[PDB]
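Colleague: Sending over a structure as structure tokens; questions will come in a sec.
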Amino acid sequence: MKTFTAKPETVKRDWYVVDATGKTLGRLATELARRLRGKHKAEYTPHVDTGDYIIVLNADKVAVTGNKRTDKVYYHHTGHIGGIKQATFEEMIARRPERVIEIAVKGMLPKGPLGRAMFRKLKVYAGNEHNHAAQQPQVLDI
Amino acid sequence: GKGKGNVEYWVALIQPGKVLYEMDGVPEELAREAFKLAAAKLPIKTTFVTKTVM
Amino acid sequence: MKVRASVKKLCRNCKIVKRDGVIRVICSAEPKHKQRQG
Amino acid sequence: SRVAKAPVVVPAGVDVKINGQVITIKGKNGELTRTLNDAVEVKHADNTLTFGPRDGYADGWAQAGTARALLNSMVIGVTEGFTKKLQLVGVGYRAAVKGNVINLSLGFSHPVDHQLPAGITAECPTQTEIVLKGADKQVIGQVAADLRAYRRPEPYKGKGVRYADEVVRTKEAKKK
Amino acid sequence: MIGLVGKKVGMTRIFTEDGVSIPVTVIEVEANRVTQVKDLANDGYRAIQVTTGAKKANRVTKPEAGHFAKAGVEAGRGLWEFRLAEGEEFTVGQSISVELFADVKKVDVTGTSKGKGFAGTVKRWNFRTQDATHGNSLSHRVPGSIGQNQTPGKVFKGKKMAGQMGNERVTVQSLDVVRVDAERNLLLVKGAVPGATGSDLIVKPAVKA
RNA sequence: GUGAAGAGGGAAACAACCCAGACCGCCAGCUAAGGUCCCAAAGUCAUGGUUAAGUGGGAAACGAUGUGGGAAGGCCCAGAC
RNA sequence: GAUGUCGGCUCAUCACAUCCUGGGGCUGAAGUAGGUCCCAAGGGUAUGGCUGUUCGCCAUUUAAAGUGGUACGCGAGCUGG
RNA sequence: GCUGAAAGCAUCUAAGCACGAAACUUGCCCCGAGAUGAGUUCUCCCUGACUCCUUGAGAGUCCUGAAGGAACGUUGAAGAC
Ligand SMILES: [Mg+2]
Ligand SMILES: [Mg+2]
Ligand SMILES: [Mg+2]
Ligand SMILES: [Mg+2]
Ligand SMILES: [Mg+2]
Ligand SMILES: [Mg+2]
Ligand SMILES: [Mg+2]
Ligand SMILES: [Mg+2]
Ligand SMILES: [Mg+2]
Ligand SMILES: [Mg+2]
Ligand SMILES: [Mg+2]
Ligand SMILES: [Mg+2]
Ligand SMILES: [Mg+2]
Ligand SMILES: [Mg+2]
Ligand SMILES: [Mg+2]
Ligand SMILES: [Mg+2]
Ligand SMILES: [Mg+2]
Ligand SMILES: [Mg+2]
Ligand SMILES: [Mg+2]
Ligand SMILES: [Mg+2]
Ligand SMILES: [Mg+2]
Ligand SMILES: [Mg+2]
Ligand SMILES: [Mg+2]
Ligand SMILES: [Mg+2]
Ligand SMILES: [Mg+2]
Ligand SMILES: [Mg+2]
Ligand SMILES: [Mg+2]
Ligand SMILES: [Zn+2]
């Protein structure tokens with residue numbers, strides 16, 4: 001016959017909350033991307049976003065080993081000639097802390113419209129309070 | 001092309017273990033300094049060896 | 001300061017010390033002996 | 001090693017608090033508090049504190065020795081207190097003290113007002129000298145270093161600020 | 001601190017008693033009515049909204065008329081916002097006059113400059129023309145080269161070309177304030193301010209300093 | 001030997017490199033090279049070491065109290081450095 | 001079964017092996033002015049005479065009159081010496 | 001540079017603290033919520049019936065057209081349109 005494929009209208013998505021304090025950046029991010037993609041479900045389907053909404057708290061207290069704190073360099077080109085801006089991990093934590101986690105996870109999620117749809121399901125917060133108490137997020141002890 | 005080239009300099013192919021320079025009649029430390037100075041002018045790693053019976 | 005690939009002790013007072021992963025010679029006697037590796 | 005194993009001595013009338021890795025000495029010259037490295041272990045025998053490396057850390061002994069030296073300096077600072085004297089050797093180089101502002105006249109076209117930190121006290125026994133007192137060896141050294149960096153000793157005449165302990169090594173202006 | 005909204009009446013000179021002619025710009029800085037006060041608790045930033053002049057009764061639309069009537073002020077011809085420093089505090093309806101620049105020596109005047117239309121490269125970026133003769137062909141004012149070659153094989157962003165010049169917001173900074181006549185609602189600045197006569201200017205106190 | 005005249009898997013992409021020679025079909029299983037954190041299928045596998053350099057993930061003579069292992073040797077509780 | 005080839009003009013953009021300004025070490029650095037090395041690419045970086053010349057010489061300036069890559073940049077942008 | 005051991009000393013570093021340039025992040029000016037992550041704050045407007053059913057975030061008829069916009073005209077120190 002034909003192998004079961006999940007149907008996007010009938011998928012079930014849950015809300016988890018993960019406190020990212022003291023965790024290692026990349027080792028948190030791999031699990032975040034796994035659960036955003038839905039690789040932890042029996043009905044995983046490559047062309048269906050079956051993942052779970054995840055809310056990352058305390059995004060400024062993520063930890064990195066070694067000297068990566070003052071030596072990991074986030075490059076990006078504005079598109080104007082000569083506009084290769086860069087910012088170290090500590091500067092980027094200071095200015096826009098949640099972008100660190102966001103880039104960490106966006107690099108691991110697949111590239112494409114489905115990957116963007118998956119990354120729409122990740123909520124990264126600098127602090128500890130999160131708006132989405134209405135969705136009853138589950139404590140996900142990653 | 002158009003033939004081989006002209007002889008320009010003469011070399012001596014060196015294989016590991018070849019005892020290049022030898023010296024006698026000097027103190028050992030001065031020999032070490034002299035050999036260090038000489039080896040500094042050569043394109044091959046060297047080492048300091050002594051005489052043995054066999 | 002001498003920025004040289006080969007830093008050595010140049011007298012009895014020259015002292016080898018590695019700061020910030022860079023080898024330097026600090027001499028209390030002759031300031032001409034201040035070297036770093038580069 | 002040797003320094004790490006050499007214990008401190010806790011004199012009369014000084015309080016020694018220990019919370020986690022923060023240690024605190026309240027003497028007669030004031031109050032001091034230092035957060036030691038995690039690899040450090042401080043015991044008691046409340047007369048000679050002693051130090052050891054914690055298990056599971058790399059250098060261990062280096063951290064223990066540096067903490068022992070720090071606490072030796074802290075006890076000396078709270079009992080007798082460190083004191084450093086600076087001189088101003090030059091043409092009309094002068095120092096004055098107004099509370100906690102040291103005013104330097106060093107040939108600059110503007111007076112040099114140096115604000116003393118929290119617990120460092122300055123005096124001018126003479127119009128060409130400064131005497132600094134404080135219970136923190138690192139703090140007093142930093143103050144003296146900044147004062148000297150205002151005008152480091154010239155190699156040709158030794159003008160400028162200097163420590164008393166300092167042999168300003170000179171050289172004669174070259175001949176010819 | 002806050003500024004005011006004025007109208008560029010024109011430009012004149014002031015003959016000081018020592019025979020010096022200051023070229024001043026005259027700004028009709030009449031009263032500005034505060035229609036709204038924005039605070040952190042409701043807006044995330046401290047600012048005031050002011051209006052000036054007066055607008056046609058039948059051309060003040062119902063939403064704008066309601067917004068003004070909330071403050072209780074007569075409908076002005078526009079709305080501008082001024083961010084607030086922490087010390088200062090204004091209330092709704094307050095009429096702020098040009099006497100605010102009584103003790104201010106230098107101001108910043110921002111307004112929409114004159115629109116030069118579609119300005120070529122020579123006008124817009126001061127490109128140098130090419131030989132009017134010496135054999136030149138149909139290229140007496142063209143921009144010339146606009147790139148390199150196969151590398152990079154593209155024209156870079158921000159390149160200077162022809163286009164729309166002027167008609168944009170321009171801020172002339174640190175203009176000396178000569179006279180502040182509150183009884184006629186006038187501000188007199190030393191120098192030329194952006195825009196044509198009758199345009200709207202925003203005059204703030206100096207920010208460089 | 002391969003390509004030419006050989007597809008397929010690996011080396012990111014990469015005729016000629018490694019594995020392997022496509023008769024056709026299958027929504028069956030076991031493997032080679034190469035791999036098993038996410039992209040991206042498979043070990044956040046177990047045991048014991050090493051590195052602290054983002055080395056790994058470009059490069060030499062030469063330099064250096066980096067650190068780990070080994071075989072010696074010199075001076076030492078008449079207490080040595 | 002065609003990728004226009006020197007120089008000039010207009011327009012640039014990047015590298016740093018930096019010419020100037022900015023921060024330092026050593027000096028056979030008294031001071032002014034230097035020599036040399038380290039960090040630094042934000043901005044600036046001549047006008048003329050000769051020659052088709054880039055180049056070079058010369059005159060006179062300037063804080064300086066940088067070295068290079070960009071099809072020895074730039075002819076569907078100009079010229080044609 | 002301070003304090004400071006590893007290495008009883010010494011040492012700017014291995015923990016800890018300090019200073020340090022036109023480079024970097026801001027501060028100055030302009031654009032900027034198509035920032036699909038499409039934000040915020042004011043204000044204004046519209047609160048009538050009735051069928052059919054393929055009962056769906058359904059289709060349709062009647063009555064009703066609001067705030068506003070657009071169109072047209074006179075035009076502008078706005079403009080190729
Ligand atoms: Mg116009
Ligand atoms: Mg010209
Ligand atoms: Mg013509
Ligand atoms: Mg053939
Ligand atoms: Mg093949
Ligand atoms: Mg074959
Ligand atoms: Mg293949
Ligand atoms: Mg490859
Ligand atoms: Mg492939
Ligand atoms: Mg076959
Ligand atoms: Mg298998
Ligand atoms: Mg997998
Ligand atoms: Mg063709
Ligand atoms: Mg450089
Ligand atoms: Mg740059
Ligand atoms: Mg800047
Ligand atoms: Mg010339
Ligand atoms: Mg002539
Ligand atoms: Mg000529
Ligand atoms: Mg060319
Ligand atoms: Mg060129
Ligand atoms: Mg040409
Ligand atoms: Mg042509
Ligand atoms: Mg062309
Ligand atoms: Mg072409
Ligand atoms: Mg001809
Ligand atoms: Mg010491
Ligand atoms: Zn020396």
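Order determines the names: the first chain of the structure tokens is A, the second B, and so forth; residues in each chain are numbered 1 upward, and ligands are numbered 1 upward as they are shown.
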Which residues are close to residue H:64, i.e. within 12 Å by only C-alpha atoms (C1' of nucleotides), leaving aside same-chain residues fewer than 6 positions away? Reply as a list in words.

Modeller: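 Close residues of residue H:64: residues 46, 48 and 49 of chain H.
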
Colleague: Kindly save the residues from that selection, with C-alpha atoms (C1' of nucleotides) included, as a PDB file, in the first residue's frame.

Modeller:
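Generated file (out.pdb):
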```pdb
ATOM      1  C1'   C H  46     -20.695  51.196  10.440  1.00  0.00           C
ATOM      2  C1'   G H  48     -31.419  46.015   8.910  1.00  0.00           C
ATOM      3  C1'   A H  49     -34.512  42.251   7.351  1.00  0.00           C
TER       4        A H  49
END
```

Colleague: Using DSSP assignments from the backbone, pull out every residue in chain B that falls under helix (DSSP H, G or I) and give it to me as a PyMOL selection string.

Modeller: chain B and resi 28-39

Colleague: Just write the chosen residues, N, CA, C and O atoms, as a compact mmCIF listing (two decimals), in the first residue's frame.

Modeller:
```txt
# COMPACT_ATOMS: atom_id res chain seq x y z
N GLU B 28 84.88 19.99 23.50
CA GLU B 28 83.57 19.53 23.04
C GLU B 28 82.57 20.68 22.93
O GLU B 28 81.81 20.75 21.97
N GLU B 29 82.55 21.57 23.92
CA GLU B 29 81.58 22.67 23.88
C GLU B 29 81.88 23.62 22.74
O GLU B 29 80.96 24.09 22.05
N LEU B 30 83.15 23.93 22.51
CA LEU B 30 83.51 24.76 21.37
C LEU B 30 83.17 24.07 20.06
O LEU B 30 82.77 24.72 19.10
N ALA B 31 83.32 22.74 20.01
CA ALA B 31 82.91 22.00 18.83
C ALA B 31 81.41 22.13 18.61
O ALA B 31 80.96 22.29 17.48
N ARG B 32 80.63 22.06 19.69
CA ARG B 32 79.19 22.24 19.57
C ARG B 32 78.85 23.61 19.03
O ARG B 32 77.99 23.75 18.16
N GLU B 33 79.51 24.65 19.54
CA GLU B 33 79.23 26.00 19.05
C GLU B 33 79.62 26.14 17.59
O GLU B 33 78.87 26.73 16.79
N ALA B 34 80.77 25.60 17.20
CA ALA B 34 81.21 25.68 15.81
C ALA B 34 80.26 24.93 14.89
O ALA B 34 79.93 25.41 13.80
N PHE B 35 79.81 23.75 15.31
CA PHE B 35 78.89 22.98 14.49
C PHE B 35 77.52 23.64 14.42
O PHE B 35 76.86 23.55 13.38
N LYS B 36 77.08 24.28 15.49
CA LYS B 36 75.85 25.05 15.44
C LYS B 36 75.97 26.17 14.42
O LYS B 36 75.08 26.36 13.58
N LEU B 37 77.08 26.90 14.46
CA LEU B 37 77.30 27.98 13.51
C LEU B 37 77.32 27.47 12.08
O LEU B 37 76.78 28.11 11.18
N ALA B 38 77.95 26.32 11.85
CA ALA B 38 78.00 25.76 10.51
C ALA B 38 76.63 25.28 10.05
O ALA B 38 76.20 25.57 8.93
N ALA B 39 75.93 24.54 10.91
CA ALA B 39 74.61 24.02 10.55
C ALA B 39 73.64 25.15 10.26
O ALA B 39 72.69 24.96 9.50
```

Colleague: Just want the 10 Å neighbourhood of residue E:8, counted on only C-alpha atoms (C1' of nucleotides), with same-chain residues fewer than 3 positions away dropped. Output as a ChimeraX atom specification.

Modeller: /E:5,11,25-29,111,187,193-201

Colleague: Would you mind listing, as a PyMOL selection string, all residues of chain E that have at least one atom within 12 Å of chain G, where only C-alpha atoms (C1' of nucleotides) are what counts?

Modeller: chain E and resi 121-122+125-161

Colleague: Just the number, please: distance in Å from atom CA of residue D:173 to atom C1' of residue G:28, one decimal.

Modeller: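 We find that atom CA of residue D:173 and atom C1' of residue G:28 lie 10.3 Å from each other.
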
Colleague: Give me, as a PDB file with N, CA and C atoms (P, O5', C5', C4', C3', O3' and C1' of nucleotides), in the first residue's frame, all polymer residues having an atom no more than 10 Å from residue C:38, counting only C-alpha atoms (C1' of nucleotides) and skipping those fewer than 4 positions away in the same chain.

Modeller:
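What landed in selection.pdb:
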```
ATOM      1  N   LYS C   2      61.770  44.450  20.041  1.00  0.00           N
ATOM      2  CA  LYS C   2      62.210  43.716  18.863  1.00  0.00           C
ATOM      3  C   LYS C   2      61.133  42.702  18.523  1.00  0.00           C
ATOM      4  N   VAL C   3      60.493  42.876  17.373  1.00  0.00           N
ATOM      5  CA  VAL C   3      59.506  41.920  16.892  1.00  0.00           C
ATOM      6  C   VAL C   3      60.238  40.982  15.943  1.00  0.00           C
ATOM      7  N   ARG C   4      60.690  39.851  16.472  1.00  0.00           N
ATOM      8  CA  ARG C   4      61.496  38.904  15.725  1.00  0.00           C
ATOM      9  C   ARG C   4      60.945  37.504  15.926  1.00  0.00           C
ATOM     10  N   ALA C   5      61.089  36.674  14.898  1.00  0.00           N
ATOM     11  CA  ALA C   5      60.594  35.308  14.961  1.00  0.00           C
ATOM     12  C   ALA C   5      61.371  34.436  15.929  1.00  0.00           C
ATOM     13  N   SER C   6      62.588  34.826  16.297  1.00  0.00           N
ATOM     14  CA  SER C   6      63.429  34.048  17.203  1.00  0.00           C
ATOM     15  C   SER C   6      63.829  34.934  18.373  1.00  0.00           C
ATOM     16  N   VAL C   7      63.172  34.752  19.511  1.00  0.00           N
ATOM     17  CA  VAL C   7      63.458  35.519  20.713  1.00  0.00           C
ATOM     18  C   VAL C   7      64.309  34.667  21.638  1.00  0.00           C
ATOM     19  N   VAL C  22      51.945  34.925  23.846  1.00  0.00           N
ATOM     20  CA  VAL C  22      53.029  35.478  23.046  1.00  0.00           C
ATOM     21  C   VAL C  22      54.292  35.469  23.889  1.00  0.00           C
ATOM     22  N   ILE C  23      55.369  34.925  23.339  1.00  0.00           N
ATOM     23  CA  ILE C  23      56.634  34.826  24.055  1.00  0.00           C
ATOM     24  C   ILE C  23      57.333  36.176  24.020  1.00  0.00           C
ATOM     25  N   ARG C  24      57.807  36.631  25.177  1.00  0.00           N
ATOM     26  CA  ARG C  24      58.541  37.877  25.268  1.00  0.00           C
ATOM     27  C   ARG C  24      59.765  37.686  26.144  1.00  0.00           C
TER      28      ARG C  24
ATOM     29  P     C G  38      57.028  45.719  11.765  1.00  0.00           P
ATOM     30  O5'   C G  38      56.106  45.887  13.049  1.00  0.00           O
ATOM     31  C5'   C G  38      56.155  44.937  14.096  1.00  0.00           C
ATOM     32  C4'   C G  38      55.228  45.290  15.228  1.00  0.00           C
ATOM     33  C3'   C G  38      53.805  45.649  14.862  1.00  0.00           C
ATOM     34  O3'   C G  38      53.000  44.532  14.539  1.00  0.00           O
ATOM     35  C1'   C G  38      54.600  47.188  16.436  1.00  0.00           C
TER      36        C G  38
END
```

Colleague: Neighbouring residues of ligand 15 are defined here as those with any atom at most 10 Å from a ligand atom, counting only C-alpha atoms (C1' of nucleotides) and all ligand atoms; list them as a ChimeraX atom specification.

Modeller: /A:82-85 /G:41-42 /H:23-24

Colleague: Write out as a PDB file with N, CA and C atoms (P, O5', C5', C4', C3', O3' and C1' of nucleotides), in the first residue's frame each polymer residue (protein, DNA or RNA) that has an atom no more than 10 Å from ligand 11, with only C-alpha atoms (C1' of nucleotides) and all ligand atoms counted.

Modeller:
```pdb
ATOM      1  P     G F  29      13.532  -3.269   4.372  1.00  0.00           P
ATOM      2  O5'   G F  29      14.579  -4.459   4.423  1.00  0.00           O
ATOM      3  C5'   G F  29      14.543  -5.412   5.471  1.00  0.00           C
ATOM      4  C4'   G F  29      15.546  -6.515   5.252  1.00  0.00           C
ATOM      5  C3'   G F  29      17.007  -6.155   5.449  1.00  0.00           C
ATOM      6  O3'   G F  29      17.411  -6.162   6.802  1.00  0.00           O
ATOM      7  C1'   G F  29      16.770  -7.336   3.442  1.00  0.00           C
ATOM      8  P     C F  30      18.689  -5.308   7.247  1.00  0.00           P
ATOM      9  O5'   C F  30      19.907  -5.986   6.478  1.00  0.00           O
ATOM     10  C5'   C F  30      20.402  -7.256   6.876  1.00  0.00           C
ATOM     11  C4'   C F  30      21.680  -7.611   6.163  1.00  0.00           C
ATOM     12  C3'   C F  30      22.806  -6.607   6.273  1.00  0.00           C
ATOM     13  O3'   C F  30      23.502  -6.688   7.499  1.00  0.00           O
ATOM     14  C1'   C F  30      22.588  -7.282   4.033  1.00  0.00           C
ATOM     15  P     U F  31      24.528  -5.531   7.901  1.00  0.00           P
ATOM     16  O5'   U F  31      25.752  -5.763   6.917  1.00  0.00           O
ATOM     17  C5'   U F  31      26.586  -4.691   6.521  1.00  0.00           C
ATOM     18  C4'   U F  31      27.242  -4.965   5.195  1.00  0.00           C
ATOM     19  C3'   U F  31      28.246  -3.929   4.727  1.00  0.00           C
ATOM     20  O3'   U F  31      29.519  -4.088   5.322  1.00  0.00           O
ATOM     21  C1'   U F  31      26.789  -4.467   2.957  1.00  0.00           C
ATOM     22  P     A F  42      18.283   8.576  11.979  1.00  0.00           P
ATOM     23  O5'   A F  42      19.330   7.572  12.622  1.00  0.00           O
ATOM     24  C5'   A F  42      19.298   6.193  12.294  1.00  0.00           C
ATOM     25  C4'   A F  42      20.686   5.618  12.238  1.00  0.00           C
ATOM     26  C3'   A F  42      21.615   6.057  13.350  1.00  0.00           C
ATOM     27  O3'   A F  42      21.450   5.281  14.516  1.00  0.00           O
ATOM     28  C1'   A F  42      22.714   6.243  11.267  1.00  0.00           C
TER      29        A F  42
END
```
